[PDB]
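Visitor: Below you'll find the structure I mean.
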Amino acid sequence: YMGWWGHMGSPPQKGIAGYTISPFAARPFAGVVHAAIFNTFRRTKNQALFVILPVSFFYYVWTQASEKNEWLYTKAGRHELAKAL
Amino acid sequence: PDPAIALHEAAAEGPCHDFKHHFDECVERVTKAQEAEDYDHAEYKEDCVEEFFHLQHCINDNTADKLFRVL
Amino acid sequence: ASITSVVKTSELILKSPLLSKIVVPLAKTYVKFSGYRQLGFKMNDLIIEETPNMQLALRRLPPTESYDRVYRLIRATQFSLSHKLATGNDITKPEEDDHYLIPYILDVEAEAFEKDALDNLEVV
Amino acid sequence: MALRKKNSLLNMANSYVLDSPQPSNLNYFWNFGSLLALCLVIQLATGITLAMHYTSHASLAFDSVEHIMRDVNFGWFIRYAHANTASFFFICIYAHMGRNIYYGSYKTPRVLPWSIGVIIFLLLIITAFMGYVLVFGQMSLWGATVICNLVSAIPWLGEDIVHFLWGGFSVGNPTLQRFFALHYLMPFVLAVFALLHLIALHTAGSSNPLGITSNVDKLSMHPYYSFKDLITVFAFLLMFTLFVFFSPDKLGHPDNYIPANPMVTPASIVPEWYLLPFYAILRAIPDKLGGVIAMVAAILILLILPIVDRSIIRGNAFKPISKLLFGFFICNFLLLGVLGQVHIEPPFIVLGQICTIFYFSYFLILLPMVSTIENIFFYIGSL
Amino acid sequence: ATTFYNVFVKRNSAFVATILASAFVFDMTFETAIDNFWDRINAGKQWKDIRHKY
Amino acid sequence: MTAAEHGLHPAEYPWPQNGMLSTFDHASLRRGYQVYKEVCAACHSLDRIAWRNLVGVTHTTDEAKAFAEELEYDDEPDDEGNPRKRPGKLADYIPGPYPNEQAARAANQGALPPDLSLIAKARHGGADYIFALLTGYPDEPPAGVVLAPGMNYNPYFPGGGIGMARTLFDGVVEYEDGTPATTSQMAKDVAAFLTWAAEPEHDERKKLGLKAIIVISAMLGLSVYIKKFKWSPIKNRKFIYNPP
Amino acid sequence: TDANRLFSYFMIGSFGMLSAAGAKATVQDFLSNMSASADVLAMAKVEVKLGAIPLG
Ligand code: HEC
Ligand code: HEM
Ligand code: HEM
Ligand SMILES: CCCCCCCCCCCCO[C@@H]1O[C@H](CO)[C@@H](O[C@H]2O[C@H](CO)[C@@H](O)[C@H](O)[C@H]2O)[C@H](O)[C@H]1O
Ligand SMILES: CCCCCCCCCCCCO[C@@H]1O[C@H](CO)[C@@H](O[C@H]2O[C@H](CO)[C@@H](O)[C@H](O)[C@H]2O)[C@H](O)[C@H]1O
């Protein structure tokens with residue numbers, strides 16, 4: 001499923017003209033400030049839910065479990081611990 | 001004299017007064033409970049370790065930096 | 001899964017009035033959030049191609065459809081590496097999202113599956 | 001014809017590091033492969049050097065590690081580099097595996113590199129476990145004891161196998177000396193399998209974040225990915241530096257600075273952090289043999305991803321529901337890790353069982369269901 | 001700029017020689033600079049600072 | 001587990017060596033050696049430290065040779081093969097108070113005082129744990145605590161009952177540099193000294209780390225420029241498509 | 001312009017220079033592990049008596 005240079009396995013290409021300029025002719029950091037602020041904001045905003053929802057859920061689960069465990073091993077939690085074992 | 005003696009006393013009377021009271025109340029109860037007979041044949045003997053820990057943790061938070069500053 | 005499977009199950013849903021009433025709106029939202037149209041792809045450009053059946057279906061595309069698919073893949077690759085999205089006419093509009101490949105792959109698979117069945121015939 | 005293509009030896013190197021045709025749109029998650037190669041080279045260099053100063057005999061092992069720390073020039077650095085790089089190796093391997101799962105790198109036609117990959121992961125676990133025993137501190141001994149006793153669960157012959165592994169009736173000198181020999185060997189085996197999975201990959205080439213063919217648009221590996229790899233090499237070296245020079249013991253257990261004592265048992269015997277999720281899975285099953293099977297299955301089940309993923313599309317970039325499911329799967333894997341090092345107490349016992357069920361149900365139920373439904377939504381949604 | 005390019009950069013042999021010579025200079029000067037800076041931020045604490053008492 | 005079973009967690013004290021760019025205070029290290037020698041060394045060994053290790057850290061070559069030469073070490077047998085002793089040399093390790101574990105336990109009501117050469121790395125907390133433990137013996141155990149015989153209450157020690165009694169009291173040592181030897185001061189100095197004993201490369205390591213951080217950061221910056229430079233023709237590529 | 005090219009080679013050259021200096025430091029510190037360790041260097045300077053040694 002992959003060939004090599006000259007016969008890579010692409011369907012025939014026709015009609016596309018491609019253009020680019022030398023690395024010495026270009027500013028490598030052109031538009032960096034706009035990218036760093038606005039592009040990163042767009043990309044992050046669009047993926048935020050997929051990180052926030054599972055992280056926040058599993059952190060809540062952990063927080064509740066760790067707080068209960070801590071409470072069960074206090075004086076106040078003696079009776080509830082006795083039942084739990 | 002040990003600078004810590006005064007710093008710890010100050011922190012107990014001051015920012016850690018609520019914790020100091022709880023420890024004090026606990027000790028009063030436990031000593032009284034030990035005084036009562038048939039304490040040795042009780043199921044649950046209370047200690048004051050928890051309250052002590054809460055107090056010491058508090059004193060240490062208010063003292064650590066101050067103590068090392070004078071050594 | 002086979003394209004045949006996907007197409008048949010989808011047709012069962014589209015037949016049932018109840019089912020279509022609840023599934024079609026969900027599927028349209030799914031496609032909007034999927035966001036492949038924002039890289040100028042058509043849905044069929046995403047189908048896995050490294051399979052004998054799919055390679056055969058792609059070889060049967062008319063030359064025009066084939067040349068345009070090559071351009072959309074190259075253009076989407078350039079958006080991907082640049083971390084940009086399509087704008088303007090590069091965004092695939094819903095009416096341009098045509099199933100250009102589905103008929104070819106369904107024919108390739110029809111023969112492939114008939115061959116499998118007929119390899120297992122038992123004279124009665 | 002250029003020499004790099006004409007000469008058969010040069011041409012092999014050329015095919016992998018220079019003319020190798022790569023997709024033009026690999027993102028930074030395609031850099032973990034070269035970081036893993038870097039970790040492997042650091043571990044070989046530091047490991048062989050520690051072997052020049054280490055003594056595998058149980059009467060001398062722990063002290064030979066102190067001699068390395070105290071007397072050997074730069075011994076502290078070589079030791080801490082080796083110990084911390086073991087953790088970095090697992091961070092990079094989890095990132096590389098997570099990349100592979102998110103982007104569908106296990107799908108045809110890349111089943112074979114993925115399957116050899118699963119074996120690489122098992123060899124890394126064994127390598128790291130044996131190397132940790134070599135210190136012969138308290139965690140070394142007690143971790144070897146409890147992990148090697150899991151083999152006792154094998155029916156009929158299990159006890160005999162354990163005595164055979166230990167070379168005696170408990171973990172002692174024979175076990176330490178054999179772990180040294182095998183710990184030296186296993187990284188060479190691991191390097192061979194790493195090479196095999198790359199040769200297997202070379203038939204399809206790298207996948208890419210869009211999940212489509214890259215045969216339409218290839219870039220040479222050099223100079224583009226050579227220079228892009230340098231960025232993450234230096235980012236890795238900065239993290240390495242912060243641990244090795246400024247916090248060399250953050251990732252370790254203080255008990256491993258106490259010499260092994262078969263009499264005294266440490267407060268809590270836990271594996272190194274990177275093995276913790278598998279330990280939580282084992283605790284979840286009450287049966288000994290059940291637990292061992294589950295723990296092994298948790299790794300071997302990776303082999304069925306090519307089958308249970310029913311999607312007609314490769315990877316998650318365009319699949320919102322799959323992306324949510326993947327997020328929950330990853331976070332659950334981290335919670336299992338945390339539960340591997342808590343005490344066996346309420347309410348963590350039940351929570352560990354629920355997280356174990358979720359771990360397995362991803363492969364067996366959720367991914368097959370979600371991938372089926374998404375196929376239908378793509379079709380109906382784009383009509 | 002042309003002159004500088006022509007002498008130090010154009011020939012790779014010259015470029016590599018310049019890089020290696022600069023690396024040598026950097027290494028020696030950076031060593032001395034860090035040593036002095038380290039001694040200033042940790043003044044009064046190191047053995048060299050208390051050695052004179054003994 | 002209960003908090004008592006864990007032990008109270010020590011405060012984070014501001015040690016001079018805390019700080020990416022901070023060495024130990026060597027005057028504190030020297031004072032801490034004197035506390036070790038006059039108090040701890042009665043029960044605790046420091047077996048991983050040789051006399052040469054003190055030199056140019058806490059003491060001059062001559063001071064350390066003087067300490068070594070006051071002791072007797074086992075020599076090679078004489079010509080009739082009889083045992084002999086020799087005076088200590090800088091290569092010798094600091095000798096421990098007891099000949100074996102059994103003797104150590106017999107002198108300490110069954111408890112075995114650990115060797116202190118790695119103690120700062122072998123306990124969670126490090127210097128803070130040592131300082132907290134040494135200074136954290138309350139006059140009276142919290143009401144309700146039952147100590148086993150030969151145990152002392154200390155909340156920092158897991159379970160609360162430690163076989164080591166309080167040993168640092170104001171003026172048990174007379175420091176040679178005129179520092180007031182209070183309980184707190186002695187605990188701070190000996191905790192610093194023991195931290196040095198556990199990690200004697202500490203000062204060199206952090207300075208080498210500073211050099212590495214600077215070089216690696218500059219290389220990271222330059223690697224970003226170079227990658228962007230090399231990739232710009234790919235990032236900047238444009239297409240015109242005319243469908244055939 | 002030559003100035004334009006020279007700037008990019010200054011970046012490449014600096015990077016090559018720090019990589020050379022970093023490699024040298026790495027190699028030197030690392031390989032020094034093979035030179036005599038501190039405990040070996042502590043075993044020189046043998047002192048020998050002469051009173052016991054007879055003539056001939
Ligand atoms: C005469 C006896 C004695 C003296 C003096 C003494 N110790 Fe100990 N120490 C012990 C014994 C016994 C233990 C074991 C306690 C136990 O494990 O219950 C111990 C334990 C310790 C521990 C370990 C506690 C733990 O976490 O396991 C440290 C640290 C310690 N000592 C430091 C010191 C320092 C620092 C000094 C003095 C400056 C000191 N000791 C003086 C007898 C002594
Ligand atoms: C994948 C490669 C490797 C990994 C993941 C690895 C992992 C480990 C680990 C986790 C330890 C315990 C470290 C500690 O806490 O002190 C260790 C110790 C050791 N390893 Fe390796 N190792 C690898 C390769 C090698 C190689 C190739 C050698 C060659 C002999 C080696 C020799 C040693 C030695 C001698 C020790 C004991 C000394 C010490 O603890 O530092 N290792 N290794
Ligand atoms: C020593 C450990 C390993 C090393 C050195 C290593 C190295 C690499 C390298 C260099 C690549 C090509 C570049 C890249 O995609 O990042 C790669 C690709 C891959 N690796 Fe690994 N790998 C290792 C372990 C693993 C493991 C444990 C797995 C699977 C469980 C795995 C599965 C793969 C797959 C499927 C690919 C192809 C991904 C794609 O390009 O789409 N590897 N590996
Ligand atoms: C990554 C570590 C660097 C070292 C490289 C790994 C060493 C082992 C590599 C050899 C294994 C054989 O690997 C095989 O080599 C041949 C030629 O070299 C390659 O052959 C490929 O390149 C050559 C020209 O470059 C073409 O003739 C051919 O059409 C193409 O398939 C295969 O794609 C590769 O699979
Ligand atoms: C590719 C290999 C080619 C052959 C290269 C041969 C390399 C082997 C030579 C080892 C040389 C070690 O040389 C010796 O190194 C150490 C650092 O390691 C230096 O030591 C100097 O810096 C180190 C930190 O880097 C400090 O701990 C030390 O107090 C200071 O004196 C010595 O000043 C130097 O004399």
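Ligands are numbered from 1 in the order shown, chains are lettered A, B, ... in the order of the structure tokens, and residues start at 1 in each chain.
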Tell me, as an MDAnalysis selection string, which residues lie within 10 Å of stretch 42-55 of chain A, counting only C-alpha atoms; anything in the same chain fewer than 5 positions away does not count.

Guide: (chainID A and resid 35 37 60) or (chainID C and resid 33 83:85) or (chainID D and resid 320:321 323:332)

Visitor: I need the chosen residues saved as an mmCIF file, in the first residue's frame, with N, CA, C and O atoms.

Guide:
data_model
loop_
_atom_site.group_PDB
_atom_site.id
_atom_site.type_symbol
_atom_site.label_atom_id
_atom_site.label_comp_id
_atom_site.auth_asym_id
_atom_site.auth_seq_id
_atom_site.Cartn_x
_atom_site.Cartn_y
_atom_site.Cartn_z
ATOM 1 N N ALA A 35 -0.988 33.831 15.018
ATOM 2 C CA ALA A 35 -1.153 32.392 15.164
ATOM 3 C C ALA A 35 -1.173 32.016 16.641
ATOM 4 O O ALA A 35 -2.032 31.251 17.081
ATOM 5 N N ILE A 37 -1.917 33.633 19.201
ATOM 6 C CA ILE A 37 -3.047 34.097 19.989
ATOM 7 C C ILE A 37 -4.347 33.542 19.418
ATOM 8 O O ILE A 37 -5.067 32.834 20.102
ATOM 9 N N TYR A 60 -13.857 14.507 40.048
ATOM 10 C CA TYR A 60 -14.904 14.580 41.044
ATOM 11 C C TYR A 60 -15.071 13.245 41.766
ATOM 12 O O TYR A 60 -15.180 13.217 42.987
ATOM 13 N N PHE C 33 -20.792 18.552 13.773
ATOM 14 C CA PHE C 33 -19.731 18.561 14.763
ATOM 15 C C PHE C 33 -18.497 17.794 14.314
ATOM 16 O O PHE C 33 -17.403 18.087 14.788
ATOM 17 N N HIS C 83 -2.448 23.739 10.257
ATOM 18 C CA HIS C 83 -3.358 24.030 11.368
ATOM 19 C C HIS C 83 -4.367 25.119 11.020
ATOM 20 O O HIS C 83 -4.694 25.927 11.883
ATOM 21 N N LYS C 84 -4.867 25.112 9.786
ATOM 22 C CA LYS C 84 -5.885 26.053 9.350
ATOM 23 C C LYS C 84 -7.146 25.285 8.980
ATOM 24 O O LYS C 84 -7.099 24.077 8.753
ATOM 25 N N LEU C 85 -8.261 26.004 8.859
ATOM 26 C CA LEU C 85 -9.493 25.437 8.336
ATOM 27 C C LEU C 85 -9.788 26.042 6.971
ATOM 28 O O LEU C 85 -9.280 27.114 6.648
ATOM 29 N N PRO D 320 -16.791 12.806 16.834
ATOM 30 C CA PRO D 320 -17.024 13.374 18.163
ATOM 31 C C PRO D 320 -17.392 12.383 19.270
ATOM 32 O O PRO D 320 -16.944 12.522 20.403
ATOM 33 N N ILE D 321 -18.181 11.354 18.971
ATOM 34 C CA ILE D 321 -18.553 10.456 20.056
ATOM 35 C C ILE D 321 -17.361 9.577 20.440
ATOM 36 O O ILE D 321 -17.118 9.373 21.624
ATOM 37 N N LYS D 323 -14.335 10.426 20.217
ATOM 38 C CA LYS D 323 -13.398 11.272 20.949
ATOM 39 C C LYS D 323 -13.783 11.374 22.419
ATOM 40 O O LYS D 323 -12.896 11.379 23.266
ATOM 41 N N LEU D 324 -15.086 11.446 22.722
ATOM 42 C CA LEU D 324 -15.526 11.507 24.112
ATOM 43 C C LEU D 324 -15.242 10.192 24.826
ATOM 44 O O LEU D 324 -14.784 10.168 25.974
ATOM 45 N N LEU D 325 -15.556 9.089 24.137
ATOM 46 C CA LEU D 325 -15.309 7.782 24.715
ATOM 47 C C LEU D 325 -13.817 7.595 24.992
ATOM 48 O O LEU D 325 -13.449 7.016 26.008
ATOM 49 N N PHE D 326 -12.967 8.091 24.089
ATOM 50 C CA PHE D 326 -11.534 7.925 24.245
ATOM 51 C C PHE D 326 -11.072 8.729 25.450
ATOM 52 O O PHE D 326 -10.233 8.266 26.210
ATOM 53 N N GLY D 327 -11.640 9.924 25.623
ATOM 54 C CA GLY D 327 -11.294 10.755 26.765
ATOM 55 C C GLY D 327 -11.597 10.047 28.081
ATOM 56 O O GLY D 327 -10.761 10.044 28.977
ATOM 57 N N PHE D 328 -12.783 9.433 28.176
ATOM 58 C CA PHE D 328 -13.176 8.722 29.384
ATOM 59 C C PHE D 328 -12.300 7.496 29.621
ATOM 60 O O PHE D 328 -11.972 7.189 30.758
ATOM 61 N N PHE D 329 -11.960 6.783 28.547
ATOM 62 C CA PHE D 329 -11.091 5.631 28.646
ATOM 63 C C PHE D 329 -9.729 6.034 29.211
ATOM 64 O O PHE D 329 -9.224 5.373 30.111
ATOM 65 N N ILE D 330 -9.145 7.126 28.711
ATOM 66 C CA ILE D 330 -7.823 7.545 29.167
ATOM 67 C C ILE D 330 -7.878 7.968 30.635
ATOM 68 O O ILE D 330 -7.011 7.598 31.423
ATOM 69 N N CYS D 331 -8.892 8.754 31.010
ATOM 70 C CA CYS D 331 -8.970 9.228 32.383
ATOM 71 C C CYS D 331 -9.205 8.086 33.363
ATOM 72 O O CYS D 331 -8.665 8.105 34.466
ATOM 73 N N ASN D 332 -9.992 7.094 32.940
ATOM 74 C CA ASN D 332 -10.213 5.895 33.725
ATOM 75 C C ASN D 332 -8.895 5.147 33.916
ATOM 76 O O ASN D 332 -8.631 4.617 34.989
#

Visitor: Report the closest atom pair, with its distance in Å rounded to one decimal, for each residue of chain D that has an atom no farther than 6 Å from ligand 4; count only C-alpha atoms and all ligand atoms, sort by chain and then rising residue number, and write it as JSON lines.

Guide:
{"residue": "D:5", "atom": "CA", "partner": "ligand 4", "partner_atom_place_in_ligand_line": "25 (O)", "distance": 5.7}
{"residue": "D:11", "atom": "CA", "partner": "ligand 4", "partner_atom_place_in_ligand_line": "18 (O)", "distance": 4.6}
{"residue": "D:12", "atom": "CA", "partner": "ligand 4", "partner_atom_place_in_ligand_line": "18 (O)", "distance": 3.3}
{"residue": "D:13", "atom": "CA", "partner": "ligand 4", "partner_atom_place_in_ligand_line": "5 (C)", "distance": 4.3}
{"residue": "D:15", "atom": "CA", "partner": "ligand 4", "partner_atom_place_in_ligand_line": "25 (O)", "distance": 4.6}
{"residue": "D:16", "atom": "CA", "partner": "ligand 4", "partner_atom_place_in_ligand_line": "5 (C)", "distance": 5.0}
{"residue": "D:17", "atom": "CA", "partner": "ligand 4", "partner_atom_place_in_ligand_line": "3 (C)", "distance": 5.9}
{"residue": "D:199", "atom": "CA", "partner": "ligand 4", "partner_atom_place_in_ligand_line": "35 (O)", "distance": 5.5}
{"residue": "D:202", "atom": "CA", "partner": "ligand 4", "partner_atom_place_in_ligand_line": "35 (O)", "distance": 5.4}

Visitor: Could you check the closest approach to ligand 3 for each of D:225, D:80, D:179, D:136 and tell me which residue wins, using only C-alpha atoms and all ligand atoms?

Guide: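 The answer is D:225, which sits nearest to ligand 3.
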
Visitor: Mind listing the residues within 7 Å of ligand 5, only C-alpha atoms and all ligand atoms counted, as an NGL selection string?

Guide: (:F and (204 or 208)) or (:G and (27-32))

Visitor: Report the distance between atom 30 (C, counted along the ligand's line) of ligand 3 and atom CA of residue D:87 in Å, rounded to one decimal place.

Guide: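 If I compute the distance from atom 30 (C, counted along the ligand's line) of ligand 3 to atom CA of residue D:87, I get 17.0 Å.
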
Visitor: Which residues sit within 9 Å of ligand 3, counting only C-alpha atoms and all ligand atoms, listed as a short mmCIF file (atom, residue, chain, number, x, y, z; two decimals) with N, CA and C atoms, in the first residue's frame?

Guide:
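Final output, result.cif:
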data_model
loop_
_atom_site.label_atom_id
_atom_site.label_comp_id
_atom_site.auth_asym_id
_atom_site.auth_seq_id
_atom_site.Cartn_x
_atom_site.Cartn_y
_atom_site.Cartn_z
N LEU D 26 2.26 15.08 9.65
CA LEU D 26 2.34 14.48 10.98
C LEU D 26 2.39 15.58 12.03
N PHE D 29 2.45 14.48 18.03
CA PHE D 29 2.32 13.16 18.61
C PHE D 29 3.01 12.09 17.79
N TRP D 30 3.50 12.41 16.58
CA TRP D 30 4.31 11.46 15.83
C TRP D 30 5.76 11.57 16.27
N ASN D 31 6.06 12.37 17.31
CA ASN D 31 7.45 12.46 17.72
C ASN D 31 7.79 11.48 18.84
N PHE D 32 6.81 10.80 19.44
CA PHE D 32 7.13 9.88 20.53
C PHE D 32 7.96 8.67 20.09
N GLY D 33 7.82 8.24 18.84
CA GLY D 33 8.65 7.16 18.32
C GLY D 33 10.14 7.49 18.43
N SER D 34 10.56 8.70 18.02
CA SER D 34 11.96 9.05 18.15
C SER D 34 12.32 9.31 19.61
N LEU D 35 11.40 9.81 20.45
CA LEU D 35 11.76 9.90 21.86
C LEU D 35 11.94 8.51 22.46
N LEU D 36 11.13 7.53 22.07
CA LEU D 36 11.34 6.19 22.58
C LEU D 36 12.70 5.65 22.14
N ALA D 37 13.14 5.97 20.92
CA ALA D 37 14.44 5.50 20.47
C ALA D 37 15.53 6.18 21.29
N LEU D 38 15.35 7.47 21.58
CA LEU D 38 16.26 8.19 22.46
C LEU D 38 16.32 7.57 23.87
N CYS D 39 15.16 7.28 24.48
CA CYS D 39 15.17 6.64 25.79
C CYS D 39 15.93 5.33 25.72
N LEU D 40 15.70 4.57 24.65
CA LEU D 40 16.37 3.29 24.55
C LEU D 40 17.88 3.50 24.46
N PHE D 89 10.66 6.70 29.75
CA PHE D 89 10.39 5.66 28.77
C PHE D 89 8.90 5.31 28.85
N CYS D 92 6.67 8.18 27.52
CA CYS D 92 6.67 8.21 26.06
C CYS D 92 5.94 7.02 25.46
N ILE D 93 6.01 5.85 26.09
CA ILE D 93 5.37 4.68 25.52
C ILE D 93 3.85 4.77 25.67
N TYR D 94 3.35 5.30 26.80
CA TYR D 94 1.92 5.53 26.94
C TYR D 94 1.43 6.58 25.94
N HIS D 96 2.82 7.24 22.97
CA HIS D 96 2.89 6.59 21.67
C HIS D 96 1.72 5.64 21.50
N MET D 97 1.40 4.84 22.52
CA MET D 97 0.24 3.96 22.44
C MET D 97 -1.07 4.74 22.39
N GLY D 98 -1.18 5.83 23.15
CA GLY D 98 -2.40 6.61 23.10
C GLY D 98 -2.56 7.25 21.72
N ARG D 99 -1.48 7.79 21.14
CA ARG D 99 -1.53 8.26 19.76
C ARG D 99 -2.08 7.15 18.86
N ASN D 100 -1.52 5.94 18.97
CA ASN D 100 -1.91 4.86 18.09
C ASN D 100 -3.40 4.54 18.23
N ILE D 101 -3.93 4.61 19.45
CA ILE D 101 -5.32 4.24 19.67
C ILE D 101 -6.23 5.35 19.16
N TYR D 103 -5.65 7.57 16.77
CA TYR D 103 -5.60 7.80 15.34
C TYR D 103 -5.83 6.52 14.57
N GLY D 104 -6.16 5.41 15.23
CA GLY D 104 -6.51 4.22 14.47
C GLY D 104 -5.27 3.59 13.83
N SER D 105 -4.09 3.76 14.43
CA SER D 105 -2.88 3.17 13.87
C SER D 105 -2.93 1.65 13.95
N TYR D 106 -3.85 1.09 14.73
CA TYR D 106 -3.90 -0.36 14.79
C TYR D 106 -4.71 -0.93 13.63
N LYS D 107 -5.45 -0.12 12.87
CA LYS D 107 -6.29 -0.66 11.81
C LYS D 107 -5.46 -1.15 10.63
N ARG D 110 -2.13 -1.82 9.24
CA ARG D 110 -1.05 -1.73 10.20
C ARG D 110 -1.28 -2.64 11.40
N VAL D 111 -2.00 -3.75 11.25
CA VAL D 111 -2.20 -4.69 12.35
C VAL D 111 -0.86 -5.27 12.82
N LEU D 112 0.04 -5.59 11.90
CA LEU D 112 1.24 -6.29 12.31
C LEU D 112 2.16 -5.39 13.15
N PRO D 113 2.51 -4.14 12.74
CA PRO D 113 3.30 -3.29 13.62
C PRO D 113 2.62 -3.06 14.97
N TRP D 114 1.29 -2.95 14.99
CA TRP D 114 0.62 -2.78 16.27
C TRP D 114 0.77 -4.01 17.17
N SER D 115 0.59 -5.20 16.61
CA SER D 115 0.70 -6.44 17.37
C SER D 115 2.13 -6.67 17.88
N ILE D 116 3.14 -6.39 17.07
CA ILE D 116 4.50 -6.51 17.59
C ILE D 116 4.70 -5.44 18.65
N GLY D 117 4.09 -4.27 18.47
CA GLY D 117 4.11 -3.21 19.47
C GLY D 117 3.62 -3.70 20.83
N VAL D 118 2.52 -4.45 20.86
CA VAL D 118 2.03 -4.96 22.13
C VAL D 118 3.08 -5.83 22.81
N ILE D 119 3.83 -6.64 22.06
CA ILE D 119 4.90 -7.40 22.67
C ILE D 119 6.04 -6.51 23.17
N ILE D 120 6.40 -5.45 22.43
CA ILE D 120 7.41 -4.52 22.90
C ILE D 120 7.00 -4.00 24.27
N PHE D 121 5.71 -3.72 24.45
CA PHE D 121 5.26 -3.14 25.69
C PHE D 121 5.43 -4.13 26.84
N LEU D 122 5.11 -5.41 26.59
CA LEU D 122 5.34 -6.46 27.57
C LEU D 122 6.83 -6.62 27.89
N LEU D 124 9.05 -4.29 27.75
CA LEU D 124 9.50 -3.14 28.52
C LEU D 124 9.12 -3.32 29.99
N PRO D 187 16.79 -5.52 27.13
CA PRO D 187 16.85 -4.36 26.24
C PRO D 187 17.36 -4.66 24.83
N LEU D 190 14.39 -6.15 23.16
CA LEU D 190 13.44 -5.08 22.96
C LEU D 190 13.85 -4.26 21.74
N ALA D 191 15.13 -3.97 21.57
CA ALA D 191 15.59 -3.27 20.38
C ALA D 191 15.31 -4.06 19.10
N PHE D 193 12.77 -6.16 18.64
CA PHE D 193 11.34 -6.06 18.35
C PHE D 193 10.95 -4.66 17.89
N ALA D 194 11.67 -3.65 18.38
CA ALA D 194 11.36 -2.30 17.95
C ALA D 194 11.73 -2.19 16.48
N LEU D 195 12.83 -2.81 16.09
CA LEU D 195 13.18 -2.77 14.69
C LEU D 195 12.16 -3.54 13.85
N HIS D 197 8.96 -3.96 14.42
CA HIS D 197 7.71 -3.28 14.17
C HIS D 197 7.91 -2.16 13.16
N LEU D 198 9.11 -1.56 13.06
CA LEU D 198 9.31 -0.55 12.03
C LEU D 198 9.38 -1.14 10.63
N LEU D 201 6.00 -1.78 9.61
CA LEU D 201 5.28 -0.56 9.25
C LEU D 201 5.65 -0.09 7.84
N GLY D 205 3.73 2.47 5.29
CA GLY D 205 4.13 3.78 5.78
C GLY D 205 3.35 4.22 7.02
N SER D 206 3.83 5.30 7.65
CA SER D 206 3.14 6.00 8.73
C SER D 206 1.71 6.34 8.35
N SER D 207 0.79 6.18 9.31
CA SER D 207 -0.52 6.79 9.17
C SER D 207 -0.37 8.29 9.42
N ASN D 208 -1.46 9.06 9.39
CA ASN D 208 -1.35 10.50 9.60
C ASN D 208 -2.59 10.95 10.35
N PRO D 209 -2.61 12.16 10.92
CA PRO D 209 -3.75 12.54 11.74
C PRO D 209 -5.09 12.66 11.02
N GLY D 211 -6.16 10.38 8.85
CA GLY D 211 -6.64 9.03 8.62
C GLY D 211 -6.77 8.66 7.15
N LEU D 302 -5.43 -5.39 23.95
CA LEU D 302 -5.03 -4.44 22.91
C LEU D 302 -4.97 -5.11 21.54
N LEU D 303 -4.66 -6.42 21.50
CA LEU D 303 -4.61 -7.18 20.26
C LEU D 303 -5.97 -7.27 19.56
#

Visitor: Distance atom CA of residue F:64-atom CA of residue F:121, one decimal place?

Guide: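 Atom CA of residue F:121 lies at a distance of 25.3 Å from atom CA of residue F:64.
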
Visitor: Enumerate as a PyMOL selection string the residues within 7 Å of ligand 1, counting only C-alpha atoms and all ligand atoms.

Guide: chain F and resi 35-36+39-44+108+111-114+116+119+123+130+134+157+161-165+167-168+187+190-191

Visitor: With only C-alpha atoms and all ligand atoms counted, collect every polymer residue having an atom within 7 Å of ligand 2; state the result as a PyMOL selection string.

Guide: chain D and resi 40+43-44+47-48+50-51+54+65+79+82-83+86+89+124+127-129+131-135+180+183-185+187

Visitor: Taking only C-alpha atoms into account, which residues of chain G are within 8 Å of chain D, as a list in words?

Guide: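 Using only C-alpha atoms, chain G residues at most 8 Å from chain D: residues 29, 30, 32, 33, 34, 35, 36, 37, 38 and 39 of chain G.
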
Visitor: May I have the residues of chain F within 12 Å of chain G, counting only C-alpha atoms, written as JSON, numbers by chain?

Guide: {"F": [48, 49, 50, 51, 52, 53, 78, 79, 86, 87, 89, 90, 91, 92, 93, 205, 208, 211, 212, 213, 214, 215, 216, 217, 218, 219, 220, 221, 222, 223, 224, 225, 226, 227, 228, 229, 230]}

Visitor: I'd like the neighbourhood of residue D:280 as number ranges by chain, where a residue qualifies if any of its atoms comes within 12 Å (using only C-alpha atoms), though same-chain residues fewer than 6 positions away should be ignored.

Guide: D: 270-271, 273-274, 286, 291-292, 294-295, 298, 332-344, 348-357, 359
